[PDB]
Amino acid sequence: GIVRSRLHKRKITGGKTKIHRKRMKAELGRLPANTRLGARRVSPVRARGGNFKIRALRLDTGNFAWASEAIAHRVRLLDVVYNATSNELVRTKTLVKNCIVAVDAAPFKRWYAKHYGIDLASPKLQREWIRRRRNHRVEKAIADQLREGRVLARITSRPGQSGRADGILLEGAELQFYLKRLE
Amino acid sequence: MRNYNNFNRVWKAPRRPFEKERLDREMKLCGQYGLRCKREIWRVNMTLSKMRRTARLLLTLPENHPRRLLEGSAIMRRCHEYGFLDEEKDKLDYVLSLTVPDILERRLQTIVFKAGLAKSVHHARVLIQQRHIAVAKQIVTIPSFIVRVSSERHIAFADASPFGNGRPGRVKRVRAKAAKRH
Amino acid sequence: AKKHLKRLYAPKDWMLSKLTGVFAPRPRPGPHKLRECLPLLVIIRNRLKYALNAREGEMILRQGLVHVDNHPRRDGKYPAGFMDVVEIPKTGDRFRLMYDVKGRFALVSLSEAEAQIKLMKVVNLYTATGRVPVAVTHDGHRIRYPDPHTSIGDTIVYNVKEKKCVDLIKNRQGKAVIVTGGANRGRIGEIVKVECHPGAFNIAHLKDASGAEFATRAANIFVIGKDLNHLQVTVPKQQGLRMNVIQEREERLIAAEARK
RNA sequence: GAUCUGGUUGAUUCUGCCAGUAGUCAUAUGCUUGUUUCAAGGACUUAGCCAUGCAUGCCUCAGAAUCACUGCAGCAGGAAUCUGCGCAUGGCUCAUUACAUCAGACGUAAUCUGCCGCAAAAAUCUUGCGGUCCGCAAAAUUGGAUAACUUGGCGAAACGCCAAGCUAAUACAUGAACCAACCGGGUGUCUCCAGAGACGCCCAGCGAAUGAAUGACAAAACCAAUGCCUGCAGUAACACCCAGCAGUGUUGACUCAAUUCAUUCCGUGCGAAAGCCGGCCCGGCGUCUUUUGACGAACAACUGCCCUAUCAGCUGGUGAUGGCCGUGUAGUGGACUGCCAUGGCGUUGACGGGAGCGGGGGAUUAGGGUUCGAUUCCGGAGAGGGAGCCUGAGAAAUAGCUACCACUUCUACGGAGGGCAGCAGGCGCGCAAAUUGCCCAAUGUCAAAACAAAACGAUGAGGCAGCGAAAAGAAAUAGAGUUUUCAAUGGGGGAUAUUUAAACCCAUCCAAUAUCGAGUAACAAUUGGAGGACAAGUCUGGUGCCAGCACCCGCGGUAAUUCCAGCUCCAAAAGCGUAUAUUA
RNA sequence: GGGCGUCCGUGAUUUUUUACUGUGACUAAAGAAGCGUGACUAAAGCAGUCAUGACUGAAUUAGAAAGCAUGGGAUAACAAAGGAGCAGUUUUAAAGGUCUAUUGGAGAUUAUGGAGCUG
Ligand SMILES: NC[C@@H]1O[C@H](O[C@H]2[C@@H](O)[C@H](O[C@@H]3[C@@H](O)[C@H](N)C[C@H](N)[C@H]3O[C@H]3O[C@H](CO)[C@@H](O)[C@H](O)[C@H]3N)O[C@@H]2CO)[C@H](N)[C@@H](O)[C@@H]1O
Ligand SMILES: [Mg+2]
Ligand SMILES: [Mg+2]
Ligand SMILES: [Mg+2]
Ligand SMILES: [Mg+2]
Ligand SMILES: [Mg+2]
Ligand SMILES: [Mg+2]
Ligand SMILES: [Mg+2]
Ligand SMILES: [Mg+2]
Ligand SMILES: [Mg+2]
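Chains as they are written, first to last, in the deposited numbering: chain K, 2 to 121, 154 to 216; chain D, 1 to 182; chain E, 2 to 261.
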């Protein structure tokens, strides 16, 4: 079938390699997943050793991490914003690793009110908020799009391999990199 | 097909098949030792050639070398054991002086002629092959049996032979049947 | 997946004659390596003559009558290798697999107290789940809580009945080893100097009881005591001393002539 | 033993080839062959085609027996079928094939890994009874379906099929509270002090995903919180429960081993088999998960490799060399999509063409070499050509599947099948290669499996025998004596037997009370020669440059050392000519 | 309580390889070489030999290149240079100026000082 060998590749001299075996099963590749936005549908793939590799088709949600705060929240993917491979993969809204997506931002605001106590008053007994909040500060570009409603984020998992759409929120120079390329 | 039992060749034909000097020596050796064919001489050539070649390799090696103390005391041991060299000859240069009649004297066809158990050397080859000579109470039917030095004391007639202590042979026994029907 | 050995591709230390059949008993995976073991059909039939063929040989093993390290082994293809203890309760004999100085496997007879401990060399150390640091051994054992001074090159004394690591022997300069691979296999010597060479094979220089100096790779040495007198385990009848090939050839001719 | 010899001339020195010569586990052929031992044996030509039979299956005390099967007086044997492993090995063949295979040596920290070895294991609000969601209980006495079978059958058949009715589990599915821990995070009321404790709730298992933190190191002054002192002596750390219950993973090196917390795994993981025996509570097994050693798999490439220039440029749009995100993989990677760059290889022979598996090794060899390697061991590849798959830990499997191409068998014409480079054989092809044999006794492999007991696992692997002057060992065809006798013992016939799985063979034996046999020993040696090299006839008959011989030189023209023959010799001898390769 | 000298791992300091050659380390049997041994000899084979079991044997060696370690420094080799194209050491006190360890801990400020910077 699809193979991953160098039998069809030309030599560095430019010479053709003459083939004297059949294709092996141990050198196969398989058809790509092309994971998109949509309600979750997965198909497992029986890999070597009997292990299962879960193809992701049509994913809509994942655990996205806010790395300065070292937390994650299960949020819902909204749109696919920028892809470094092609602009055609943005238009069909394919989920790959490292593509830039927008996520829900509601569990992140709610966590930022429950932890640090800052909204965008009720437990007067526990002001361990004051034990934090002094040294720590929050980047302004995060807090703008956090209250705007959707946060740009980066996919850190391989969905056709794992069947998950986990990610990380863009911070720092990495957010300021991709904000220039969009607008 | 998957059989790993080994076999090699024990004789070699000479270069130059018609040398008038060589053909005269080998007819003397077939007569003085009672031999069937020239091939029995030619394995005694190759037996002695291999001794003459290893002992000439060991003299390239110095003394107090490991392959000359071992394996040079082995080739002097088998010359002393089979009667190829008497016990005075111990220097390893005497293996290079061995001749084909020095090996042919140690065949059981020759000792049975030399010990006195047979009138001629063609009497000895018959009596070996017709099961009359025992080396150590072991009937040996091979004329090319190389007799050791320690075996010379014990060559005698076989204990099952009619000439020894066994039953009488054929011409007496088929005559003893013909005198029985009458 | 190979399942067969040819008797020519079998190891030479087993000493199976080439003319008796095409095949040799391929030892299963298990404790010891295929190149470096002696499977129990060869011990029961070819070493010990308790069995005349392989059909009498599984009447012994499948019945549960041979114990390798206190546990009955019903496999004729079980890999028994170095430092293993083979007991038989019915015939009342127990043996230890050691290398003799010519490199071959040798069955050293044992007492009851010497047959409880075996000596095992660490091959890997890692941390398992929990935070339990286990020690991987050449015989395939995974001791879970070893002596905290265990490093990789060391030797653990084990006591296979009560599965408790009773002792440790570190690998240092002042120790005595047995060589379990290479040309020098079966020889016993003090350690002289260990040449490190990181990224490649450690070389270990060794001196024998007579004073013969010889070297191996340090993955081939197996430390068995604090010195050559205080060995933790009993060794075969030459005790790691390799005689000259000339002198040992003279002695057999002298012994054969003096016997007659 | 680092050796040569005939042939150019009227003779002579050379150059130089032809010819002799001795090997080949190198084949074929011719003529011969009495005994034994050891053996190769359809590789070469056609990886051409194949009739028939057979070559891979497994049951113990220990998964499932209501045969409408068998004895016995419910206990035992059990056909059959579910189930669990195996069929990816072995065996054949050598067609492919030159930055490939392969060898020695490394790498996998780039990865998968059943069986086997030593280990690990604290997740899960389930049952029973009563009441309508609660109560009291506890050795959890769980649920539905299929085979075999019966019934009715379809079909010419097919290692083809249908429907209904039964019934198992170690098949499938479900599911275990409390006994029963430590440890941690997030968090709301309550006794205290000027932050501390108790209680409550959500979450806290192995594995997996993503994110964050560990995964070490290489002189005093003043204010706040805090530590012991009665201002600082001396000091692991820590607000009690445990006053040392990890401040310490490994490597040459890790983003790894492992741990902490954040989020959530929706079937694509996690039973104490809701398991089976046995002993008189305990002992043998059998199984999920997790983890690592082992037996392996897959990839990568350090050095090496026949001839060819009447093959000098090769590669790059449609990946060629590299780079960036991904994708795909078991994983690394132009392996692959997008984009960018303009590279990479070559007279140190690229590129293309021809020869053909690669080593271990064989033949010959003073030394240097020159050759052969289809073939037993190791590796690679293939199963009529070419694909593509399923299942599984492992196959791009072929005594597995699907399709096409080329051949191809049965048909009741509707249809159904084939794959001997497995072992015997068959036809072709050729110069050229055996028995449609007996057996698991040994060597092993598989596996639910020791042997035995009503009661023998399968094996064309592999042995064994038949054919078998491939090649190798050992060896008869006579001895002894005064025309004429005396002794021998095989070939060969046979056994109280012995071998052998059974025979065969060889070995032993012709009385142990008691066993057949040499004479022309007719029981009969041949194959090539006799000018030279090259050992051995100036013999006799025939033919008359004829017929023929002669490797080469030459013989033969009516007295032939050479032809055709008889004699007699020589050489090797159960062998010996010839032809073609190949080494000296 | 100082000196001496090792071991292990880590930092800072200015650099010499290659061929060759001597020793090692690793490297499947079958095959080759051969040590024992009267399978009746031999081709073989790894066995067997001896007076309610004894000494057991299966020794050893060559095996292409490349790979690994180490010491010897003749001969050669790679590389660079082309000689204006060039590479002052210590005592002593003084000036200016730069970004860790202790004070019981930890946090935050804070001057002094060590050693280095240049005129
Ligand atoms: N040359 C091999 C590679 O083929 C690739 O491209 C190839 C494909 O685009 C295409 O190959 C197709 C293949 O896609 C498709 N799945 C199957 C088809 N048989 C192939 O076709 C090719 O093979 C057959 C037989 O040889 C020929 O008859 C056909 O003309 C040829 N184009 O044709 C090209 C080969 O000629 C890339 N160009 C490159 O990686 C490389 O050239
Ligand atoms: Mg007799
Ligand atoms: Mg089944
Ligand atoms: Mg070749
Ligand atoms: Mg990449
Ligand atoms: Mg093979
Ligand atoms: Mg075709
Ligand atoms: Mg056939
Ligand atoms: Mg005449
Ligand atoms: Mg004539």
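Don't be surprised by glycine CBs; every beta carbon is placed ideally from N, CA and C.
Identity of the residues DSSP links to residue i by a beta bridge
i                    : result
K/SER69              : K/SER69 pairs with nothing; no bridge assigned.
K/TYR113             : K/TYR113 is not bridged to any residue.
K/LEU185             : K/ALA103
E/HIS206             : E/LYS194, E/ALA216
K/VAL76              : K/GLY63
residue 1 of chain E : Because chain E here runs from 2 to 261, residue 1 of chain E falls outside it and cannot be looked at.
D/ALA134             : D/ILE139, D/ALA156
K/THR95              : K/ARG37
D/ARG107             : D/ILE146
E/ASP14              : Per DSSP, none; premise fails for E/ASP14.
Cβ shell of residue i (< 7 angstroms), same chain only, five flanking positions each side left out
i        : result
E/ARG8   : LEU17, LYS19, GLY22, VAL23, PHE24, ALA25
E/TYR146 : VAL133
D/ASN165 : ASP159
K/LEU185 : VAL82, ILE101, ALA103, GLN178, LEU203, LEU208, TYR211
D/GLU87  : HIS80
D/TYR94  : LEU85
K/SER69  : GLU204
Own chain residues within Cβ distance below 6 angstroms of residue i, not counting five before or after
i        : result
E/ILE179 : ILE189, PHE223, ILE225
E/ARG46  : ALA52, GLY58
Which listed residue (the options) has its alpha carbon closest to that of residue i
i        : options                                : result
E/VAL193 : E/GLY187, E/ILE204, E/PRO199           : E/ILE204
K/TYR211 : K/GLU28, K/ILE101, K/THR18, K/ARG22    : K/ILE101
D/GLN138 : D/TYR33, D/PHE113, D/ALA156, D/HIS123  : D/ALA156
E/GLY154 : E/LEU232, E/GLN117, E/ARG173, E/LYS164 : E/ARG173
E/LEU39  : E/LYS13, E/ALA55, E/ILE61, E/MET60     : E/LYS13
E/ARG250 : D/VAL174, D/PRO17, D/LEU69             : D/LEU69
K/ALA71  : K/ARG164, K/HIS116, K/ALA154           : K/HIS116
D/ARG78  : D/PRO101, D/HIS122, D/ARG106           : D/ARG106
E/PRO237 : E/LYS50, E/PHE202, E/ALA177, E/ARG105  : E/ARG105
Own chain, CB closer than 8 angstroms to residue i, minus 5 neighbours either side, in chain order
i        : result
K/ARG5   : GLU28, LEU29, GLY30
K/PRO33  : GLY193
K/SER190 : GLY63, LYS98, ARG197, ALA198, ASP199, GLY200
K/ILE119 : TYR113, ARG166
K/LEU179 : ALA106, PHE109, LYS110, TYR113, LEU121
K/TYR83  : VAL91, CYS100, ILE101, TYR211, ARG214, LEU215
Proximity test, residue i beta-carbon vs ligand 2 heavy atom, cut-off 6 angstroms
i        : result
D/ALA124 : no
D/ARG131 : yes
> Which parts of the stretch 10-51 of chain K are runs of the beta strand (DSSP E), unbroken and 3 residues or longer, counting only runs that do not cross its ends?
Replying inline: 42-47
>> For a minimum of 4 consecutive residues, which ranges assigned as the alpha helix (DSSP H) are wholly contained in the stretch 47-118 of chain E?
In response: DSSP runs (the alpha helix (DSSP H)) wholly in the stretch 47-118 of chain E: 55-62.
> Can you list, in chain order, the stretches of the alpha helix (DSSP H) that have 4 or more residues and sit fully within the stretch 41-93 of chain D?
Replying inline: 66-69, 75-82
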